[PDB]
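Asks: this one's sequence-less:
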Ligand SMILES: CCCCCCCC/C=C/CCCCCCCC(=O)OC[C@H](COP(=O)(O)OCC[N+](C)(C)C)OC(=O)CCCCCCC/C=C/CCCCCCCC
């Protein structure tokens, strides 16, 4: 081979946009769940 | 006093349950098996924040349900170790009136409704402050003084 | 009083249709033909949601319909089989007071005006919780306590 | 395998946090006699009253 090795790290091709989309969706769901948890925790902590 | 709806829940009597409104209510720190051998089989939801635990009252004993209310005007209220006074935002009893094992005693207004449930309290000399759960409009609350302990 | 009509069946009465205001109240679960000939000929609009059948009273000839009201202060009322007591959001009676076959009986206040029509009851031991069709300021409502059976 | 495993575990943690939030925002209404839970909160937290 004339070139070097493919790459030692994370040189996956474009159309890794699929990876970006799935990770972003999962992150959005986790962020929404965490926001709901913290808002209900704030509401319950205000209550006394 | 003039109406019995309480039940104990352990062979060694420590804590008692009440039939208030539409819930059977028992404080959390006490442990045991509620008598009559059907209520203890009910599904109980608990909350360590409020030291409370509840369950839906079976239709069999809806007639035995005790009336309840949310207003707590300043005055005197009565429980099974005598009388209490809701003075200055606190429930207070004379020192020595309460002792371990007395959680779950309701506190009544003069009309026979329930306005409180005792968990314990602390003493300052001749008097004793109470740790009690109560419900305002639509939401229960818990009030505790300094240096109290479970009863 | 005496403004109500029994809805008749082949050999027995199964319910009671009451005249309130300008409407011929009648519960929907009960079936029959109604005793009075003219009333049997009216078009009865139904609703499974509120278990009701009502039609415009021939007010040109029926000027004797019972008065009604929307307020329900807690207290004591009567329903021709005893006295119904109000508490919270339930109607309670002595356990044996209520019977099947007398559903649709209007219940009045102290001033002789109907406030609710009983559909059925649930025996709670000492008391019987009544499932009634009442109305607030604007619209009807169906209070159905747990385990209430039709009458 | 690693990516699929963690992502499903992430959504499991999210659903668990949602369940915990529902529990802690609904138990005050469950303990209190009277059962005045509003229609909106019943729909949001997916609970039903005792008269429906
Ligand atoms: C709760 C669970 C926790 C458990 C923890 C899990 C731990 C499991 C793992 C252990 C790691 C295993 C590693 C095995 C040893 C291999 C070593 C090796 O020999 O390493 C090969 C090279 C890495 O080089 P290096 O950096 O180490 O060298 C520099 C070395 N130093 C840094 C010292 C200077 O690796 C390469 O280069 C090869 C490049 C080839 C790239 C392949 C791309 C694969 C992409 C797939 C994407 C899928 C498509 C997406 C479609 C989705 C649609 C929805």
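Replies: Yep, that arrived. Residues are numbered from 1 along each chain as shown, chains lettered A, B, ... in the order given.
Asks: Nearest to the ligand within chain D, name that residue for me.
Replies: Closest approach of chain D to the ligand (C-beta to the nearest ligand atom) occurs at residue D:2, with a separation of 5.6 Å. For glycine as for every other residue, the C-beta is placed from the backbone atoms N, C-alpha and C.
Asks: residue ranges of the helices in chain D, please?
Replies: D:2-31, D:39-45 (DSSP state H).
Asks: What residues sit buried inside the longest one?
Replies: The one in question is helix D:2-31. If you call a residue buried by 16 or more other C-beta atoms under 10 Å in any protein chain shown, then helix D:2-31 has these buried ones: D:10, D:14, D:17-18, D:21-22, D:24-31.
Asks: What residues does the residue positioned nearest the centre of chain D make contact with?
Replies: Central residue of chain D (C-alpha atoms, centre = their mean): residue D:22, 2.7 Å from the mean position. Residue D:22 is in contact with D:45-46, counting by C-beta atoms under 8 Å, 6 or more residues apart in numbering or on different chains.
Asks: 10 Å - rerun?
Replies: By C-beta atoms under 10 Å, 6 or more residues apart in numbering or on different chains, the residues touching residue D:22 are A:36-37, A:40, D:44-47.
Asks: Give me the phi and psi for the closest residue to residue A:19 other than its chain neighbours.
Replies: In space, and not counting its chain neighbours, residue A:19 is closest to residue A:12: 7.5 Å by C-beta to C-beta, 6 or more residues apart in numbering or on different chains. For residue A:12, the backbone dihedrals (degrees, to the nearest 10) come out as phi -60, psi 160.
Asks: Pull the number of nearby residues for residue A:39.
Replies: 12 (other C-beta atoms under 10 Å in any protein chain shown).
Asks: picking that back up, could you export the helices of chain D as JSON lines, including distance to residue B:11?
Replies: Formatted as JSON lines, the helices of chain D follow (distance: least, C-beta to C-beta, whole Å):
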{"stretch": "helix D:2-31", "distance to residue B:11": "27"}
{"stretch": "helix D:39-45", "distance to residue B:11": "39"}
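Asks: Out of those helices, which is closest to residue A:16?
Replies: Smallest distance to residue A:16 across the helices of chain D (C-beta to C-beta): 11.7 Å, for helix D:2-31.
Asks: and the closest one, how far out from the chain's middle?
Replies: Taking C-alpha atoms, centre = their mean, to the nearest Å, the mean C-alpha location of helix D:2-31 is offset from the chain mean by 8 Å.
Asks: quick one on the thing from earlier: to residue B:128, which of the helices of chain D lies closest?
Replies: Nearest of the helices of chain D (C-beta to C-beta): helix D:2-31, 25.9 Å.
Asks: re the thing from before, what about the residue nearest to the centre of chain D, distance to chain C?
Replies: Residue D:22 sits 24 Å away from chain C, going by C-beta to the nearest C-beta, to the nearest Å.
Asks: same deal with residue B:149?
Replies: Residue B:149 is 35 Å from chain C, by C-beta to the nearest C-beta.
Asks: pretty sure that residue is touching residue B:131, no?
Replies: Yes - Residue B:149 is within contact range of residue B:131, at 8.4 Å (criterion: C-beta atoms under 10 Å).
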